[PDB]
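Numbering of ligands and ligand atoms starts at 1, following listing order. Here is the naming used below: chain letters follow the sequence lines, and residue numbers restart at 1 for every chain. Excluded from the calculations below are hydrogen atoms, water molecules and symmetry mates; all remaining heavy atoms, backbone and side chain alike, are included.
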Protein chains: 2
Amino acid sequence: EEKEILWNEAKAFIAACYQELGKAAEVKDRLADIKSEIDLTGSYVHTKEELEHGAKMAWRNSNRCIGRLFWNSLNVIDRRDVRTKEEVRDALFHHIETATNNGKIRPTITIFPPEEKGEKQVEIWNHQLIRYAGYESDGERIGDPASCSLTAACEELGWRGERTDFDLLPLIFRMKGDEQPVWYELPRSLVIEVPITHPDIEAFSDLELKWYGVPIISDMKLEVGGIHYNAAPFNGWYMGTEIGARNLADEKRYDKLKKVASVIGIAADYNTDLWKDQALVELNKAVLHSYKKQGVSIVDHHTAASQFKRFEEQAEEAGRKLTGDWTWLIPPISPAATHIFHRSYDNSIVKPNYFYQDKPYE
Amino acid sequence: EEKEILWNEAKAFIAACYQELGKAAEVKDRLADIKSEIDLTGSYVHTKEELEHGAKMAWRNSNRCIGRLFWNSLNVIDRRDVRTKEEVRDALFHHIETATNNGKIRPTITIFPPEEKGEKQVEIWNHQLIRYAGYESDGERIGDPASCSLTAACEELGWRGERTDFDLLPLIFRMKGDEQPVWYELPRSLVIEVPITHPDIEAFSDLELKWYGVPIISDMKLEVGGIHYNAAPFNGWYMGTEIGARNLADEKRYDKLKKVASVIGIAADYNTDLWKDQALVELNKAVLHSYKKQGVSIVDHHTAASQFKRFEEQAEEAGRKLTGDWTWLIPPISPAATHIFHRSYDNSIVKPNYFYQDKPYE
Ligand code: HEM
Ligand code: HEM
Ligand SMILES: Nc1cccc(CNCc2cccc(OCc3ccc4ccc(N)nc4c3)c2)n1
Ligand SMILES: Nc1cccc(CNCc2cccc(OCc3ccc4ccc(N)nc4c3)c2)n1
Ligand SMILES: [Cl-]
Ligand SMILES: [Cl-]
């Protein structure tokens with residue numbers, strides 16, 4: 001009766017999907033062909049139209065995402081035809097290149113073959129396609145601590161990092177039938193990076209900070225109508241606070257706040273001086289300034305929250321129930337200066353959606 | 001069987017309360033006297049010891065409170081003996097004076113007679129004993145908009161505000177048997193106020209901002225062992241962000257951020273400049289600096305979060321389950337710079353506790 005889950009989800013997804021596309025008359029013929037298809041083969045195949053709209057629905061349903069205003073303009077690349085490692089690798093390369101778009105990031109998702117009967121066809125190990133290695137031994141911490149386990153796994157497979165603070169991890173993924181993943185160094189010409197400078201404080205460049213242009217989340221499962229697309233990397237553009245308030249500020253990541261305090265010329269001695277708060281603002285100002293100056297898409301949390309308010313209004317005008325996760329939608333800098341903080345949201349889980357899945361490493 | 005709720009709550013409260021006080025042998029005799037007392041009279045009376053510890057438990061159980069480390073040092077004033085308006089008024093005056101303590105705020109609660117059989121003995125109308133009036137007519141907004149309905153109610157009763165931005169509301173409460181509340185002007189010698197200056201920026205005084213020293217929450221119901229103390233005003237000291245990030249910053253309160261931006265010499269034109277963020281930090285620095293300089297107790301959100309971490313550790317060392325409301329415990333300035341943001345909390349409701357109750361006005 002594992003088959004029955006799939007028939008139930010397909011009924012719910014096709015009905016809602018064809019309704020939004022003005023194809024409601026076709027739902028009944030398409031469901032019959034679907035019902036025959038699972039009886040015979042155990043699964044069914046989405047049309048390009050269903051797959052595209054389902055990926056957009058999944059984004060629209062992501063309770064934790066503040067950028068959902070633009071769900072309908074998601075650029076869906078259908079790569080369910082890939083069978084080899086070189087095709088996986090080149091499709092990932094292509095995703096980076098087309099999503100990057102010389103700095104004007106296009107929200108893009110590349111969709112690989114789904115799980116057949118729980119068996120993955122392609123298993124991506126990267127958390128993001130572009131992200132820095134992290135090392136910790138002999139008391140020395142180098143790079144991004146969030147990447148330490150993946151970096152250790154990559155170096156079991158013959159890869160070796162330069163041990164800078166910004167080593168690019170290679171693409172790492174495993175094919176069905178293979179016992180071990182393969183890895184491929186990223187072509188540096190494809191990866192845009194942004195040096196972090198400050199608009200007013202020339203000494204900020206002494207910190208030698210940088211970040212990559214495009215966050216491409218590559219380890220979540222896209223679930224559309226009972227079909228599990230475990231390999232479906234997607235990207236938007238950064239909200240500035242993700243870099244300035246978390247990646248570069250967490251003690252547990254790059255932990256730069258105390259160095260930021262020094263170069264902006266304030267003491268880091270007393271809690272009552274709010275030096276962490278002041279450093280966070282100047283760092284976050286630097287990130288936004290630096291991405292703008294290089295021509296790489298980014299959004300500040302105020303503009304992002306205004307956009308999300310329009311998403312809330314678009315939802316009701318459309319008759320669609322709104323779902324959201326208050327604890328993730330508030331930004332980590334001045335959350336009470338956004339409207340999100342002052343209302344409530346139903347955190348109900350609606351499908352299609354993106355979901356966590358177990359890491360193939362530890 | 002309304003009586004049965006009360007017997008059940010008394011069993012749970014007395015058992016837990018006598019256990020913590022090392023009086024576990026006495027629980028059984030005390031419960032018998034209690035059980036006789038409700039059968040005969042319909043209710044029971046707490047000892048000073050039970051009332052004191054129950055008020056402390058209620059504070060320890062307040063999921064939304066970050067200052068719970070100090071729950072056991074709460075100063076409990078037992079005023080269940082009051083019968084007249086003058087005694088209510090003088091006990092409220094006394095609370096202000098003793099909680100203020102010339103600026104070294106003592107966390108204090110004054111406990112008035114409880115509800116008898118749903119009938120309140122004293123009904124306090126103030127949200128806080130000390131707070132500013134708010135006016136809005138003919139497009140003009142004056143004072144604190146949060147106080148507009150209460151201020152309108154006070155002026156129906158013969159009170160008239162000066163229409164400054166910082167009119168002190170009078171004490172306003174109703175006695176059992178009376179159709180209308182009485183009101184009493186606060187003696188200004190009892191109310192400490194703090195002018196807001198900035199440690200570095202002399203022009204900040206041009207804003208002419210101030211706040212009162214002691215927040216004394218006066219409209220919550222203390223529930224201890226089935227006894228409902230609807231009139232039980234309490235105070236701690238402010239966390240700085242309550243004044244700097246909410247009272248003075250909300251568009252919906254004093255809405256000062258745009259004026260703060262001007263006097264600290266930054267433009268308020270572009271979201272990407274993070275001018276709201278920068279103004280929030282300087283305003284919050286000014287509040288902490290001003291309270292310190294005057295000698296009025298206050299805590300910054302970093303120190304407060306460190307204290308709450310000790311509360312978490314004290315809880316487990318004591319074998320007590322910890323409850324908390326993540327959405328209220330994170331501070332509204334740099335929440336991700338505190339440990340609270342990076343963990344989860346069980347928001348379960350445990351009694352004794354403090355609860356909302358309907359306003360007697362609208
Ligand atoms: C267009 C620009 C986008 C922006 C600015 C944006 C912004 C964000 C932010 C700030 C978060 C929270 C991260 C944090 O709190 O640290 C988030 C979460 C999320 N976003 Fe978006 N997003 C965008 C596009 C997308 C796209 C294209 C998708 C997928 C198609 C997506 C799906 C999600 C999901 C699934 C989460 C939650 C992941 C998790 O629970 O860990 N977003 N988004
Ligand atoms: C000693 C200093 C204290 C500090 C610094 C403190 C801090 C706070 C803060 C910051 C809040 C949240 C307000 C907001 O998010 O805007 C809060 C909520 C609360 N505190 Fe405390 N607190 C203190 C003492 C007390 C005392 C003495 C009591 C009662 C005996 C108490 C009971 C509560 C309750 C019941 C709430 C939640 C009220 C609601 O839901 O609206 N606190 N506290
Ligand atoms: N807020 C909050 C609130 C509470 C806790 C956290 C944890 N916080 C760090 C974190 C951990 C894991 C994932 C993550 O993010 C994922 C993600 C997915 C898609 C995105 C698309 C665009 C974009 N710009 N970012 C995205 C981030 C964050 N965070
Ligand atoms: N965080 C958060 C998170 C979400 C929403 C809010 C709403 N926010 C404003 C607000 C409204 C009502 C009450 C309130 O506070 C009550 C209170 C009670 C006791 C205190 C004791 C000491 C102290 N220093 N403050 C206290 C405040 C806030 N807030
Ligand atoms: Cl990231
Ligand atoms: Cl307040």
*asked:* Tell me the protein heavy atom at minimum distance from atom 15 (O) of ligand 1, and give that distance in Å.
replied: A:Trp328 CE3, 3.8 Å
*Report yes if the distance between the aromatic ring centroids of A:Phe341 and A:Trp326 is under 6.0 Å, otherwise no.*
yes
*Hey, does A:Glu242 sit under 4.0 Å from ligand 1 if you only count heavy atoms?*
yes
*Name the closest protein heavy atom to atom 30 (C) of ligand 2, giving the residue it belongs to and the distance to 0.1 Å.*
B:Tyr354 OH, 3.3 Å
*Can you list the atoms of ligand 2 that are under 4.0 Å from a heavy atom of B:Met239?*
10 (C)
*Test of proximity, B:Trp326 against ligand 3: N or O pairs below 3.5 Å*: no
*Please state which protein non-hydrogen atom is closest to atom 7 (C) of ligand 2 and give its distance, to 0.1 Å?*
B:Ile66 CG2, 3.7 Å
_Considering non-hydrogen atoms of the protein only, which is the closest contact for atom 37 (C) of ligand 2, and what is the distance?_
B:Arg64 CB, 3.9 Å
*Heavy-atom donor-acceptor pair, A:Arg68 side chain to A:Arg60 backbone, under 3.5 Å*: yes
*Touching ligand 1 at all, A:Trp237? Heavy atoms, strictly under 4.0 Å?*
yes
*asked:* Return the closest protein heavy atom for atom 29 (C) of ligand 2 as residue, atom name and distance.
replied: B:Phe234 CD1, 3.1 Å
*Would you say the side chain of B:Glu312 lies within less than 4.5 Å of the side chain of B:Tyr345, judging by non-hydrogen atoms?*
yes
*Tell me, do B:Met220 and B:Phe355 make a side-chain contact under 4.5 Å, heavy atoms counted?*
no
_Short N or O distance, A:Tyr356 and ligand 3, threshold 3.5 Å exclusive_ = no
*asked:* Tell me whether A:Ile109 reaches ligand 1 (any heavy atom closer than 4.0 angstrom to a ligand atom).
replied: no
*Could you find the nearest protein heavy atom to atom 21 (Fe) of ligand 2 and give me its residue, atom name and distance?*
B:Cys65 SG, 2.6 Å
*Pair A:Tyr132 and A:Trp211, ring centroids less than 6.0 Å apart*: yes
*asked:* Tell me whether A:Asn235 reaches ligand 1 (any heavy atom closer than 4.0 angstrom to a ligand atom).
replied: yes
_Parallel, tilted or perpendicular: which one describes the rings of B:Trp237 and B:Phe70, with boundaries at 30° and 60°?_
tilted
*Looking at ligand 1, does any of its N/O atoms fall within less than 3.5 Å of an N/O of A:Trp59?*
yes
*Residue-ligand contact B:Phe341/ligand 3, heavy atom below 4.0 Å*: yes
*asked:* Among all the protein's non-hydrogen atoms, which is closest to atom 38 (C) of ligand 2, and how far away is it?
replied: B:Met220 SD, 4.0 Å
*Numbering the atoms of ligand 1 from 1, which are under 4.0 Å from a heavy atom of A:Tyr356?*
39 (C), 40 (O), 41 (O)
